[PDB]
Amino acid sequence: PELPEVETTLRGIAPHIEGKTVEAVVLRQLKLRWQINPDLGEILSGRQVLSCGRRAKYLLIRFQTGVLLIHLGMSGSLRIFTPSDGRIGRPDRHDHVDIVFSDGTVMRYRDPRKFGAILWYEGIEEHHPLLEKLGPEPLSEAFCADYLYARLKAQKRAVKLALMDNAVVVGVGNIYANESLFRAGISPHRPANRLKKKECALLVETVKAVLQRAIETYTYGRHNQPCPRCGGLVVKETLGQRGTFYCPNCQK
């Protein structure tokens, strides 16, 4: 799951649980990628979920005594059973966590590869070990032109290495990085320092647009095919330990 997948998971889960009271927590597994607190039932039972949100690939269920972090990893997913619909199908070898509310809603966590994580954190999200070294979120006004200009003035690896760095900004993997760097016309190999504000603005805007469309659920893998704007031979290179596609006639 990439960032937009987790965002649509959040938007599909938030209404059905926000404001509800946890009646019980059935644990069918205690070891994922990290150990699950073996006594989540008493911890969550009776305490209303105050809000729900996301940061990078981590879903956050904020209560009044802490926060529950859920990482779906490589194969993880969540599903909501409303009591007014159907029947709750019997669990699986891969349905590890149930959260039963007093409304009847049930939240089931499924991870056939046992790679996700369910962590309970009493403290400040700003200082979580898995969360502190993260940059600002795209889709947020903390991702401005001035932030990027101040963040690229120090290091100047190629633009793709900095864009795919979770410390610079979260959630832009290979696909979105390539697509956003073409649509901006800034080139993957440009020195990060040698851009300027007038292109950092348009690049953060194009990143936001690429991601925003990526969540409403293509210009990459197009080497040796003419470019939609220039028309150029767009090339494919392996630098950055990941595939790269760009138009050498546009992007500088």
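Numbers follow the displayed sequence, beginning with 1.
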Residues of the deposited sequence that sit between residue 220 and residue 219 yet are not modelled: 1 to 3
Please classify the unmodelled stretch of the deposited sequence between residue 217 and residue 218: none, 1 to 3, 4 to 9, or 10 or more residues. 10 or more
Comparing average C-alpha B factors as deposited, tell me which of 142-150 and 71-79 sits higher. 142-150
Segment of higher mean CA temperature factor, 47-55 or 194-202: 194-202
Top residue by Cα temperature factor, when 117, 124, 181, 107 are compared in the entry: 181
Which third of the chain does residue 87 land in by C-alpha B-factor: lowest, middle or highest? highest
By its CA B factor, does residue 27 count among the lowest, middle or highest third of the modelled residues in the chain? lowest
Could you look up the Cα B-factor of residue 161 in the entry and say which third of the chain it sits in: lowest, middle or highest? lowest
Comparing residue 177 with the other modelled residues of its chain, is its CA B-factor in the lowest, middle or highest third? highest
For residue 60, the third of its chain by CA B-factor is the lowest
